[PDB]
Amino acid sequence: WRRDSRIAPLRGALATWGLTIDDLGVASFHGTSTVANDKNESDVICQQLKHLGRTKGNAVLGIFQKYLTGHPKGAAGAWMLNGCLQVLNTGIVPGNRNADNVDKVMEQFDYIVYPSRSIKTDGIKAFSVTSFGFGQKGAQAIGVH
Amino acid sequence: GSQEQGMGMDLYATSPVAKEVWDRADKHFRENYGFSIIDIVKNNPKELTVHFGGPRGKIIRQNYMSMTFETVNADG
Amino acid sequence: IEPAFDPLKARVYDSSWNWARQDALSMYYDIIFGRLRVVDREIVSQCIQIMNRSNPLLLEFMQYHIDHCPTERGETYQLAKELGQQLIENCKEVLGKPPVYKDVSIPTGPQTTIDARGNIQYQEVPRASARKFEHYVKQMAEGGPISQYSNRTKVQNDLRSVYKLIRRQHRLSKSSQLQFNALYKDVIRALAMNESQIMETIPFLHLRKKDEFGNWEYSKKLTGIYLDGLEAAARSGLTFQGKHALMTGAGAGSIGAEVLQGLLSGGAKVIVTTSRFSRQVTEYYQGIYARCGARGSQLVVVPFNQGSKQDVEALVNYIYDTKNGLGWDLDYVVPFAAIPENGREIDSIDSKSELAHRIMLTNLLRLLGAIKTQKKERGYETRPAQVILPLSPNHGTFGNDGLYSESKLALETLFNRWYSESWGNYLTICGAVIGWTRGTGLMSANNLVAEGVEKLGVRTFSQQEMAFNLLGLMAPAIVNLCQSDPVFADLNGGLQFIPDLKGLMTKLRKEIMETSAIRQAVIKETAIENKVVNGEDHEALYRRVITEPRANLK
Amino acid sequence: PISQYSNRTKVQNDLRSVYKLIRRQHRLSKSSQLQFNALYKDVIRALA
Amino acid sequence: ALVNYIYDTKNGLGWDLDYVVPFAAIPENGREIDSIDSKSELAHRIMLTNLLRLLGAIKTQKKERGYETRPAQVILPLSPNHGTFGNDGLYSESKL
Amino acid sequence: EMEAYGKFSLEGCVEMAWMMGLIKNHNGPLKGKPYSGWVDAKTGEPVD
Ligand SMILES: NC(=O)c1ccc[n+]([C@@H]2O[C@H](COP(=O)([O-])OP(=O)(O)OC[C@H]3O[C@@H](n4cnc5c(N)ncnc54)[C@H](OP(=O)(O)O)[C@@H]3O)[C@@H](O)[C@H]2O)c1
């Protein structure tokens, strides 16, 4: 998929293990509790899933570790990555305890569902951590079981 | 088309006469259809809801029920 | 009396759409692991709330997860996909359709037991006679022999239908008909004025009406029209769509708490007050709304102290203020705020008592008062607010209420003020006289004697039951009765026939405490006699060695 | 005249002429006259 | 304080009561549930909460003083108006 | 443990207790009699 105009690097990396966007189960969000970063994140991951082909009705469990840990400026991504590798090995998708009441804005993101409590599943196949930084510094990593 | 918010309300406070014209109209509307046009005029609500409460509550909905529309079928 | 209300601490929960897909996706896996077995009433309940929040978008999410269910893996998976597609279909036919409070729980009763070791425990065992709520509704409405239609109540209800017959059969001269109700009224008045010279069942749950001589006498007409809806609720449920309501005293695990969830399952927006506004308390009410909040519903929690005049007027304002408030108008008011003033006779009405009385009466009235003037001023003329007055059967019959009875009794003057004073069409009064609710609340230690007292052919209630009953008087049928006439509503388990109830209880109270004490006493005695006879050594070496749990870090 | 009430006696003697008049008038179906009697008896029981 | 003066042997007038006639009361005319004001809350405290406490005080006095065989007759001034009349304002509530 | 279950297990607590410095291992005489295992870091006392 290296430089293929007809294959999104997301598709690629996933398909090489025999998976599609639909297998992408959990997305760990930067979700820093700031007004804009949380709209944006959903919006990006959403547009991503949509345009790739994600089949309507199949939502990604969205994780927001920051509620528990706070935002360690630099080590943010590492903590989240740990979380996912941990979800991967337990099939447990932790909930956002501090999800008072999700912003009505987040309704328009069909492909994302924000769990306020933990959910034990039959398993998760692949995940997507995504972080953003000062000075237009956006990164994303996809991990597979 | 020329309707504007709070129209003729200034003249309302200033003229004891016009004062009463509005009142009698409002008094009517409130007791029969369950809303005030004076309110609608002063502060233009993007929505408003009437309630069919007790004794005088039910009598209102009666008037809403007794609204006779008429459209004939293409057979007559 | 220290104010505690602060608009900045207000928490609004309204995100039903998300909690849906959660509780949905949550149930799916629940089945696959068997946390939910097809049996469990639970699943039913869950499904109904998922029905209550029915979006188009919910269906899409509902569907996909089903469509791809790996049935070939196990029964559970099949069982899931089944119940899944099942639910999805139901959800389809209830789009737009008002959400409903429907209590599918398994009616439960009280059961205290004394273990052979003297251990006293109290479970809540499924009622052997009822399984759905419909059964409860019936069981209630039917009656108990213990509530045998009294002489006067019989003489009356009979003479009633005598007139109803004689009357609605027009072929007798109006000379005689006219002269019948003459001799009829005579009988009724004489009965009322001097009963002493002249002279099937009663619900467990009945309304009443006032006599010419202000008496609250059992009215079948109402008790009917009520109980009817009460049954209609147990069946096809009951909606509160579009209604706004204020509730105080909705603490965790209280009657209010249940009633809350009730209205939350209808499309009801309610503002709940807490005098112990914590994170924990914040979270609790979230937990509720996450699982009860039907489409259209809204929960707004807020700190508040009904002991504070200031708070009262402040609260009310937040509620009505268009600009910076949450600009509502109230449909229900459920003033269940209350303090345990246990332990005091007129002997000693202390600080607490005076305070309690101020929460439970003076400020309560002021709470209603505030709401009224709000409506009056705001021109809200055609939308009376139904007040569920929590009245009591105890008007000094029980011991150390200490200013309790005084409050609960006083409240009843409202029955008349509704007529005399000028707030009739702003507030309506529904005097719910709540009966024994064994559910962990203001009658907790009264559970040991719960089944005992019930032995005498009378009934005690679980909270979910009482909430049901109350939500009943919340139903449209009754609400309209209130708009023309205050409503009495005896929701006492017919304990109106067990006299000296406090004596009975304390009697049972004793026995249970006594027989258990003896039992465990002896145990010590005898196991101590053994140390005397077999020596410390023999006895010591022969006791169940119960390993102490350690921890290993694997 | 306001606090007027009738003795047990009057209550019966009034139940009498009510029944006597309504009955010796025979205008009621055997149903009504049947259960009118029915109801009358109950009343007369409870009142002794 | 009153009650104690009444019973104190030494410096009080060392009585024991046979009758108690608690007719203390304030005119709270003019107020509906509309507006239970300062006056009303005060009136209710004179007419009920402190009334009960007056009785209560007397009792404990007797109990403690061994006055066992001389009950004091309390003439409770109750009322026919339990909210039937207009602007009692907390009046009925006390009397009931 | 915290992110997932919402509270610590005894295993968790022991780890936290260890790193926070509340307990430390001991392997010698404690008040004359020998002992090995967890000890309250603050008081020389043993902990179960
Ligand atoms: N259960 C029965 O048998 C029975 C009988 C007759 C009447 N009732 C009525 O039922 C209603 C509900 O009480 P309950 O017996 O179900 O339970 P409860 O244990 O008496 O509940 C009392 C609740 O009132 C709130 N509260 C306490 N102090 C307050 C204050 N100072 N200001 C504002 N709120 C305060 C508390 O809520 P927070 O924790 O959120 O602060 C608390 O959870 C009461 O009105 C009671 O009189 C019940």
# chains A, B, ... in the order shown; residues from 1 in each chain; ligands from 1
>>> residues_near_ligand(ligand="ligand 1", cutoff="9 Å", atoms="only C-alpha atoms and all ligand atoms", output="ChimeraX atom specification")
/C:1,4,248-257,272-277,281,303-308,334-340,355-356,359-360,389-394,404,408,432-443,461,463,466,492
>>> closest_atom_pairs(of="chain B", to="chain C", cutoff="7 Å", atoms="only C-alpha atoms", output="CSV")
residue,atom,partner,partner_atom,distance
B:51,CA,C:382,CA,5.6
B:52,CA,C:382,CA,5.9
B:53,CA,C:382,CA,4.3
B:54,CA,C:483,CA,5.1
B:56,CA,C:382,CA,6.8
B:57,CA,C:382,CA,4.9
>>> write_last_selection(atoms="N, CA and C atoms", output="CSV table (one decimal), in the first residue's frame")
chain,number,residue,atom,x,y,z
B,51,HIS,N,-51.5,25.9,27.0
B,51,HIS,CA,-51.9,24.7,27.9
B,51,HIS,C,-53.4,24.6,28.3
B,52,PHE,N,-53.9,23.4,28.2
B,52,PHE,CA,-55.3,23.2,28.4
B,52,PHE,C,-55.6,22.7,29.9
B,53,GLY,N,-55.4,23.6,30.8
B,53,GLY,CA,-55.5,23.3,32.2
B,53,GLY,C,-56.8,23.0,32.8
B,54,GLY,N,-57.2,23.6,33.9
B,54,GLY,CA,-58.4,23.3,34.6
B,54,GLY,C,-59.7,23.7,33.9
B,56,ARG,N,-61.0,26.6,33.0
B,56,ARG,CA,-60.8,27.5,31.8
B,56,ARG,C,-59.8,26.9,30.9
B,57,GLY,N,-59.1,25.9,31.4
B,57,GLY,CA,-58.1,25.2,30.5
B,57,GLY,C,-58.8,24.5,29.4
>>> select_by_dssp(residues="chain E", states="strand (DSSP E)", output="list in words")
residues 19, 20, 73 and 74 of chain E
>>> write_last_selection(atoms="C-alpha atoms", output="JSON list (two decimals), in the first residue's frame")
[["chain", "number", "residue", "atom", "x", "y", "z"],
["E", 19, "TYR", "CA", -54.79, 24.12, 84.95],
["E", 20, "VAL", "CA", -52.91, 25.41, 81.92],
["E", 73, "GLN", "CA", -55.58, 20.06, 82.81],
["E", 74, "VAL", "CA", -54.68, 21.73, 79.53]]
>>> residues_around(residues="stretch 29-40 of chain D", least_positions_apart="6", cutoff="8 Å", atoms="only C-alpha atoms", output="MDAnalysis selection string")
(chainID C and resid 158:159 161:162 165:166) or (chainID D and resid 23)
>>> closest_residue(among="F:12, F:29, F:6, F:21", to="chain C", atoms="only C-alpha atoms")
F:12
>>> atom_distance(atom1="atom CA of residue C:411", atom2="atom CA of residue E:49")
15.4 Å
>>> residues_around(residues="stretch 24-30 of chain E", least_positions_apart="6", cutoff="8 Å", atoms="only C-alpha atoms", output="number ranges by chain")
E: 39-40, 43, 46-47, 87-91
>>> write_last_selection(atoms="C-alpha atoms", output="PDB file, in the first residue's frame")
ATOM      1  CA  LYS E  39     -45.031  37.506  61.356  1.00  0.00           C
ATOM      2  CA  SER E  40     -46.594  34.176  60.386  1.00  0.00           C
ATOM      3  CA  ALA E  43     -47.057  33.543  65.193  1.00  0.00           C
ATOM      4  CA  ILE E  46     -46.053  31.246  69.686  1.00  0.00           C
ATOM      5  CA  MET E  47     -49.218  29.392  68.843  1.00  0.00           C
ATOM      6  CA  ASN E  87     -56.115  34.598  54.856  1.00  0.00           C
ATOM      7  CA  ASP E  88     -55.366  32.793  58.128  1.00  0.00           C
ATOM      8  CA  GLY E  89     -51.744  32.608  57.060  1.00  0.00           C
ATOM      9  CA  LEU E  90     -50.368  29.739  59.157  1.00  0.00           C
ATOM     10  CA  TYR E  91     -53.239  30.127  61.625  1.00  0.00           C
TER      11      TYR E  91
END
>>> interface_residues(of="chain A", to="chain C", cutoff="9 Å", atoms="only C-alpha atoms", output="PyMOL selection string")
chain A and resi 55-59+97-98+100-104+107+110-111+113-117+119-122
>>> interface_residues(of="chain C", to="chain D", cutoff="10 Å", atoms="only C-alpha atoms", output="VMD selection string")
chain C and resid 150 to 163 165 to 166 169 to 173 176 to 177 179 to 184 186 to 199
>>> select_by_dssp(residues="stretch 2-91 of chain E", states="helix (DSSP H, G or I)", output="ChimeraX atom specification")
/E:2-7,33-35,38-65,91
>>> closest_atom_pairs(of="chain E", to="chain C", cutoff="12 Å", atoms="only C-alpha atoms", output="CSV")
residue,atom,partner,partner_atom,distance
E:30,CA,C:421,CA,10.9
E:31,CA,C:421,CA,9.4
E:32,CA,C:421,CA,6.4
E:33,CA,C:369,CA,5.2
E:34,CA,C:369,CA,4.6
E:35,CA,C:369,CA,6.5
E:36,CA,C:366,CA,6.5
E:37,CA,C:366,CA,9.1
E:38,CA,C:309,CA,10.4
E:40,CA,C:362,CA,9.3
E:41,CA,C:362,CA,7.4
E:42,CA,C:362,CA,10.9
E:43,CA,C:362,CA,11.7
E:44,CA,C:362,CA,9.1
E:45,CA,C:354,CA,9.2
E:48,CA,C:406,CA,9.0
E:49,CA,C:354,CA,7.4
E:50,CA,C:349,CA,8.8
E:51,CA,C:346,CA,9.9
E:52,CA,C:346,CA,6.2
E:53,CA,C:349,CA,6.5
E:54,CA,C:346,CA,9.2
E:55,CA,C:346,CA,7.6
E:56,CA,C:347,CA,4.5
E:57,CA,C:347,CA,6.9
E:58,CA,C:347,CA,9.0
E:59,CA,C:347,CA,7.1
E:60,CA,C:347,CA,6.7
E:61,CA,C:347,CA,10.1
E:62,CA,C:347,CA,11.4
E:63,CA,C:347,CA,10.3
E:64,CA,C:347,CA,11.9
E:79,CA,C:413,CA,12.0
E:80,CA,C:214,CA,11.0
E:81,CA,C:413,CA,9.2
E:82,CA,C:413,CA,5.5
E:83,CA,C:417,CA,4.9
E:84,CA,C:416,CA,5.5
E:85,CA,C:420,CA,5.8
E:86,CA,C:420,CA,5.2
E:87,CA,C:421,CA,7.0
E:88,CA,C:417,CA,9.4
E:89,CA,C:417,CA,10.0
E:90,CA,C:362,CA,8.2
E:91,CA,C:413,CA,9.9
E:92,CA,C:413,CA,6.7
E:93,CA,C:410,CA,4.8
E:94,CA,C:410,CA,7.1
E:95,CA,C:410,CA,8.5
E:96,CA,C:410,CA,6.0
>>> residues_around(residues="stretch 14-27 of chain B", least_positions_apart="2", cutoff="7 Å", atoms="only C-alpha atoms", output="JSON list (two decimals) with N, CA and C atoms, in the first residue's frame")
[["chain", "number", "residue", "atom", "x", "y", "z"],
["B", 10, "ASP", "N", -44.76, 51.48, 22.15],
["B", 10, "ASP", "CA", -44.44, 52.79, 22.69],
["B", 10, "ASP", "C", -45.74, 53.57, 22.83],
["B", 11, "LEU", "N", -46.43, 53.74, 21.70],
["B", 11, "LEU", "CA", -47.75, 54.35, 21.66],
["B", 11, "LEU", "C", -48.70, 53.67, 22.65],
["B", 12, "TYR", "N", -48.45, 52.40, 22.94],
["B", 12, "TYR", "CA", -49.22, 51.66, 23.93],
["B", 12, "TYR", "C", -49.14, 52.33, 25.29],
["B", 29, "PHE", "N", -57.92, 36.95, 23.46],
["B", 29, "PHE", "CA", -56.99, 35.88, 23.08],
["B", 29, "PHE", "C", -56.59, 34.95, 24.21],
["B", 30, "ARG", "N", -56.24, 35.52, 25.35],
["B", 30, "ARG", "CA", -55.77, 34.73, 26.47],
["B", 30, "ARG", "C", -56.85, 33.79, 26.94],
["B", 31, "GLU", "N", -58.06, 34.30, 27.09],
["B", 31, "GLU", "CA", -59.13, 33.54, 27.72],
["B", 31, "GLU", "C", -59.79, 32.53, 26.80],
["B", 36, "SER", "N", -51.19, 35.38, 24.61],
["B", 36, "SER", "CA", -51.25, 36.84, 24.49],
["B", 36, "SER", "C", -50.52, 37.35, 23.25],
["B", 37, "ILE", "N", -51.18, 38.16, 22.44],
["B", 37, "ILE", "CA", -50.52, 38.65, 21.25],
["B", 37, "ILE", "C", -49.61, 39.77, 21.66],
["B", 38, "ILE", "N", -49.92, 40.41, 22.78],
["B", 38, "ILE", "CA", -49.06, 41.46, 23.28],
["B", 38, "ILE", "C", -47.67, 40.89, 23.58]]
>>> atom_distance(atom1="atom CA of residue C:127", atom2="atom CA of residue C:113")
15.9 Å
>>> interface_residues(of="chain F", to="chain C", cutoff="9 Å", atoms="only C-alpha atoms", output="NGL selection string")
:F and (9-12 or 14-15 or 48)
>>> write_last_selection(atoms="N, CA and C atoms", output="PDB file, in the first residue's frame")
ATOM      1  N   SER F   9      -7.336  -3.813  43.617  1.00  0.00           N
ATOM      2  CA  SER F   9      -7.379  -5.129  44.229  1.00  0.00           C
ATOM      3  C   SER F   9      -6.349  -5.136  45.344  1.00  0.00           C
ATOM      4  N   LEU F  10      -6.378  -6.155  46.197  1.00  0.00           N
ATOM      5  CA  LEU F  10      -5.401  -6.242  47.271  1.00  0.00           C
ATOM      6  C   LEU F  10      -4.007  -6.208  46.659  1.00  0.00           C
ATOM      7  N   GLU F  11      -3.879  -6.843  45.501  1.00  0.00           N
ATOM      8  CA  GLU F  11      -2.616  -6.880  44.783  1.00  0.00           C
ATOM      9  C   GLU F  11      -2.224  -5.465  44.396  1.00  0.00           C
ATOM     10  N   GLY F  12      -3.179  -4.744  43.821  1.00  0.00           N
ATOM     11  CA  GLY F  12      -3.013  -3.337  43.535  1.00  0.00           C
ATOM     12  C   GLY F  12      -2.591  -2.543  44.757  1.00  0.00           C
ATOM     13  N   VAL F  14      -1.287  -3.423  47.566  1.00  0.00           N
ATOM     14  CA  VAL F  14       0.053  -3.741  47.985  1.00  0.00           C
ATOM     15  C   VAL F  14       1.093  -3.057  47.108  1.00  0.00           C
ATOM     16  N   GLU F  15       0.902  -3.063  45.791  1.00  0.00           N
ATOM     17  CA  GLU F  15       1.841  -2.370  44.910  1.00  0.00           C
ATOM     18  C   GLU F  15       1.911  -0.881  45.226  1.00  0.00           C
ATOM     19  N   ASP F  48      -0.164  -7.403  57.809  1.00  0.00           N
ATOM     20  CA  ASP F  48      -0.698  -8.565  57.116  1.00  0.00           C
ATOM     21  C   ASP F  48      -1.372  -8.141  55.829  1.00  0.00           C
TER      22      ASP F  48
END
>>> closest_atom_pairs(of="chain F", to="chain A", cutoff="9 Å", atoms="only C-alpha atoms", output="CSV")
residue,atom,partner,partner_atom,distance
F:2,CA,A:68,CA,8.3
F:3,CA,A:94,CA,6.2
F:4,CA,A:94,CA,4.9
F:5,CA,A:118,CA,7.7
F:6,CA,A:97,CA,8.9
>>> write_last_selection(atoms="C-alpha atoms", output="compact mmCIF listing (two decimals), in the first residue's frame")
# COMPACT_ATOMS: atom_id res chain seq x y z
CA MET F 2 -8.16 2.01 38.22
CA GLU F 3 -9.01 2.83 34.61
CA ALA F 4 -10.81 -0.45 34.10
CA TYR F 5 -12.27 -1.77 37.37
CA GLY F 6 -12.48 1.53 39.23
>>> atom_distance(atom1="atom CA of residue C:429", atom2="atom CA of residue C:405")
19.3 Å
